[PDB]
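Below: one structure, written as structure tokens.
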Amino acid sequence: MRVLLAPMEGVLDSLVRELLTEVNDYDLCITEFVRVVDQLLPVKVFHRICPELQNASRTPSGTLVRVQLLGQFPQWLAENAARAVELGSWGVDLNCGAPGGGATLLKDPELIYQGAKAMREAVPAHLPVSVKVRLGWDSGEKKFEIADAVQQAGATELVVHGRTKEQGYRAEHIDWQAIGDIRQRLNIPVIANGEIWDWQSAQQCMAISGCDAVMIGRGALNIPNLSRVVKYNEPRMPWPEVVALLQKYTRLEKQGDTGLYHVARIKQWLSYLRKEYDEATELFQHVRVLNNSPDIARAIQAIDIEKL
RNA sequence: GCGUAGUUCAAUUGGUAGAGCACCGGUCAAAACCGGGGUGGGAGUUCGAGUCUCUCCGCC
Ligand SMILES: Cc1cc2nc3c(=O)[nH]c(=O)nc-3n(C[C@H](O)[C@H](O)[C@H](O)COP(=O)(O)O)c2cc1C
Ligand SMILES: [Mg+2]
């Protein structure tokens with residue numbers, strides 16, 4: 001059984017990847033997307049998005065990390081893929097599910113075939129080239145054309161987020177059966193994604209999709225130890241350990257911090273935690289109106305985890 | 001439909017805007033190399049709006 005930490009732009013940066021991988025057993029992390037247009041991006045963009053590149057593409061605890069590209073033009077996906085791996089990335093991921101690029105490639109699977117193929121030919125054969133897709137644009141009727149384009153490009157594996165672009169993040173529309181049909185169609189491995197929140201949902205997803213590998217995104221913020229909950233049926237991280245994890249986060253420094261990073265990300269993480277832990281509602285209200293990093297850092301750090 | 005740095009572009013359910021060219025500075029007029037990166041106006045909601053909403057303006 002494999003459990004991958006999902007790419008999450010504005011959420012799962014290197015700091016959060018560091019904190020989660022310490023207390024999880026994630027088999028792999030994907031970075032926030034590197035946006036490609038018509039230009040070989042400079043080295044500093046890759047190091048900013050993926051500081052793990054300077055530790056052999058690993059988090060401090062040792063979990064591997066993979067750079068994701070979002071783009072359309074094959075030549076420039078290829079050249080930025082070659083740079084990513086040359087800098088250390090363990091393979092490269094192609095974004096085909098972000099609402100010229102992202103989910104718009106799902107309208108013409110030829111673009112996916114052509115982009116992924118150029119990336120495959122640019123990256124050393126044994127480093128994986130993966131693709132992350134949604135089921136389609138507005139319906140899922142072209143889902144197999146999308147899947148076929150990934151395989152015939154020569155990609156190593158396919159992550160399928162089991163919704164279309166229009167369905168967004170609405171829970172009713174999750175389609176693990178569609179992922180199963182893609183798995184049965186393809187020779188390359190298929191990784192299921194969407195609405196895995198705990199052990200039960202991960203079991204139902206693996207049972208329905210037939211996938212041994214899963215990827216979890218928002219649930220990994222809701223339950224900070226979700227990989228261990230999913231792999232080993234362990235209980236959710238107790239609330240006092242969650243607060244300790246947030247205290248640790250306030251002590252980490254973000255490079256490029258324009259002043260309000262922790263004001264943003266403590267409140268954002270608490271917003272996720274608020275959907276799982278009752279105690280996160282009171283703590284969000286305690287820090288709600290704090291409008292600068294020193295204050296929110298002071299507020300979080302002052303909590304005695306021993307008395308919670 | 002779009003409007004974002006001088007300009008060409010980038011920016012996942014709201015979390016605090018970064019690349020190329022141009023430009024300025026440095027090493028030794030220019031070159032080369034190296035370093036440096038403000039959301040059309042206003043309003044609404046929110047602790048927080050490029051992002052959701054209204055209004056006026058501008059371009060298909
Ligand atoms: C805030 C947020 C940011 C995301 N950013 C990315 C991204 O940069 N690249 C990507 O391929 N998917 C991205 N996704 C999609 C997730 O990887 C994932 O497919 C989706 O959240 C469904 O999984 P889940 O139900 O476990 O959250 C993002 C999702 C969210 C909610
Ligand atoms: Mg966001």
Side-chain angles (χ1 to χ4, degrees), chain A residues 5-13 15-16 30-51 67-73 75-77 79-80 83-84 93-106 132-135 137 159 161-174 193-195 197 215-222 246 249-250 252 254-275 280-300:
Chain A
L5 187 58
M8 288 182 81
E9 183 278 325
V11 184
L12 298 174
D13 67 349
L15 280 69
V16 179
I30 315 300
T31 69
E32 302 167 277
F33 66 85
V34 177
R35 184 42 159 126
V36 180
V37 183
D38 59 351
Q39 206 82 244
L40 176 55
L41 296 160
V43 171
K44 66 193 165 96
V45 169
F46 291 94
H47 287 142
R48 193 190 81 238
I49 275 158
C50 194
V67 173
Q68 184 187 72
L69 303 181
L70 196 169
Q72 179 170 311
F73 297 94
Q75 190 194 341
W76 302 106
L77 289 178
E79 284 189 17
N80 285 289
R83 171 152 285 180
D93 195 53
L94 178 55
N95 187 308
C96 297
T104 61
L105 304 193
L106 306 174
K132 189 166 176 280
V133 306
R134 273 173 186 267
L135 297 176
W137 186 254
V159 179
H161 178 192
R163 274 171 282 206
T164 62
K165 191 232 75 180
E166 281 201 40
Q167 294 165 344
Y169 295 89
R170 289 196 301 288
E172 63 256 50
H173 295 294
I174 191 66
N193 172 242
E195 302 295 319
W197 306 106
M215 171 174 280
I216 71 195
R218 293 165 299 158
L221 288 300
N222 286 33
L246 298 171
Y249 194 18
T250 58
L252 296 177
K254 180 68 170 181
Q255 305 301 108
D257 190 351
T258 59
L260 304 167
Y261 175 85
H262 293 113
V263 176
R265 305 315 179 77
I266 297 295
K267 292 182 187 183
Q268 190 181 231
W269 199 343
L270 285 166
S271 170
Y272 285 106
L273 290 164
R274 197 137 64 97
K275 312 214 170 201
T281 296
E282 198 267 0
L283 183 55
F284 187 86
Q285 284 289 307
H286 186 67
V287 308
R288 188 193 184 76
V289 307
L290 303 182
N291 65 349
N292 62 73
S293 291
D295 284 348
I296 196 165
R298 186 182 180 76
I300 295 286

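The chains referred to below are lettered A, B, ... by the order of the sequence lines, with proteins before strands, and numbering in each begins at 1. Below, each value reflects all heavy atoms present in this structure, side chains not excepted, and no hydrogens, waters or symmetry copies.
- With a cut-off of 3.5 Å on both pairing distances, B/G14 has no Watson-Crick or G-U wobble partner at all.
- Judged as a side-chain contact (heavy atoms from CB on, under 4.5 Å), and not counting sequence neighbours, the contacts of A/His262 are A/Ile266, A/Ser293, A/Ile296.
- Sugar pucker of B/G14 is south, as judged by a negative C1'-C2'-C3'-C4' dihedral.
- Per the geometry, CZ belonging to A/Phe46 stands 12 Å off P belonging to B/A19, to the nearest Å.
- Rounded to a whole Å, the CD atom of A/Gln39 is 13 Å from the P atom of B/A19.
- Taking a pair to require two hydrogen-bonding distances under 3.5 Å in either a Watson-Crick or a G-U wobble arrangement, B/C54 pairs with B/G42.
- Interatomic distance, CZ of A/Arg35 versus CG of A/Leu69, reported as 10.5 Å (0.5 Å rounding).
- Shown here, B/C23 forms a base pair with B/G36; the pair counts as Watson-Crick or G-U wobble because both key distances fall under 3.5 Å.
- Base stacking of B/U12 on B/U13: absent by the 5.5 Å centre and 30° plane cutoffs.
- The ring pair (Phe, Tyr, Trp, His ring centres under 6.0 Å) test applied to A/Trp76 returns no partner, not counting sequence neighbours.
- B/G3 and B/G50 have their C1' atoms separated by 11 Å, given to the nearest Å.
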**Message:** Protein within reach of the bases, or only the backbone? For nucleotides 10-18 of chain B, mark each nucleotide 5' to 3' as B, S or -, using heavy atoms under 4.0 Å.
**Reply:** SSBB-BBSS
